[PDB]
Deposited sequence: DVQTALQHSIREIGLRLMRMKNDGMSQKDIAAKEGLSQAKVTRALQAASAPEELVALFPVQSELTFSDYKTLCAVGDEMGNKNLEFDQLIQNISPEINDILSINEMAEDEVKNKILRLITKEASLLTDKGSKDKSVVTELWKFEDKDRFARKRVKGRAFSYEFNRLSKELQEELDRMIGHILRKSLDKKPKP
């Protein structure tokens, strides 16, 4: 029952759950402690998105999940939010795959961000302060690509960028605005 992720146990536990089963019962039908079945589902609930940032989910501990699945809903638990956060930490994150250490610290590292960054974006959510995430980082001094969401308003800002790009963007933005 462990070769694979508390999560895959969870997959099962839900399949039954979904079928009308109380954990108290599943625990029975499977031979698991009511207390584990909590945990196995508790984990099988973790925000797929976040879970997907880590290299060795196998190194992902439940308590982590508990806070991973915690950050999940404490951040609206909606596509556009998870999407945004990733963007933010992703740079510093892959930056963590450059750097020695074992699966142990990398885990604690990646999550450090998922929490801090998410807890930095959550600030301007009630504070309703404009939040920007740099879409791409340039070695350059004056070049930038970034997004800024300050409420229900949001913009895509670019500087010193190709003409091939204003070209493309302009084209696709205008046609997507046709589509809807």
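Engineer: Let me make sure I understand the coverage. Which parts of the deposited sequence, in order from the N-terminal end, have no C-alpha coordinates here?
Structural biologist: Those parts of the chain that were deposited but carry no coordinates are 1-4, 104, 186-192.
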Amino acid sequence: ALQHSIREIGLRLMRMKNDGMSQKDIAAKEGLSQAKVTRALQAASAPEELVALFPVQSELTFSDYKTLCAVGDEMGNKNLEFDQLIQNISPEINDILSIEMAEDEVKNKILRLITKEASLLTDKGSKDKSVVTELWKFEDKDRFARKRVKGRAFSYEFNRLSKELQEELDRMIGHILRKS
From here on, numbers count along this sequence of modelled residues.
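Engineer: Of the two stretches 58-66 and 33-41, which shows the higher Cα B-factor on average in the entry?
Structural biologist: It is 58-66 that shows the higher mean C-alpha B-factor.
Engineer: Quick one: higher average CA temperature factor, 114-122 or 145-153?
Structural biologist: Per the PDB entry, the higher value belongs to 114-122.
Engineer: Considering every modelled residue of the chain and its Cα B-factor in the PDB entry, is residue 177 in the lowest, middle or highest third?
Structural biologist: It belongs to the middle third of the chain when residues are ordered by C-alpha B-factor.
Engineer: Please place residue 139 in the lowest, middle or highest third of its chain by C-alpha B factor as given in the entry.
Structural biologist: Ranked within chain, residue 139 CA B lands in the middle tercile.
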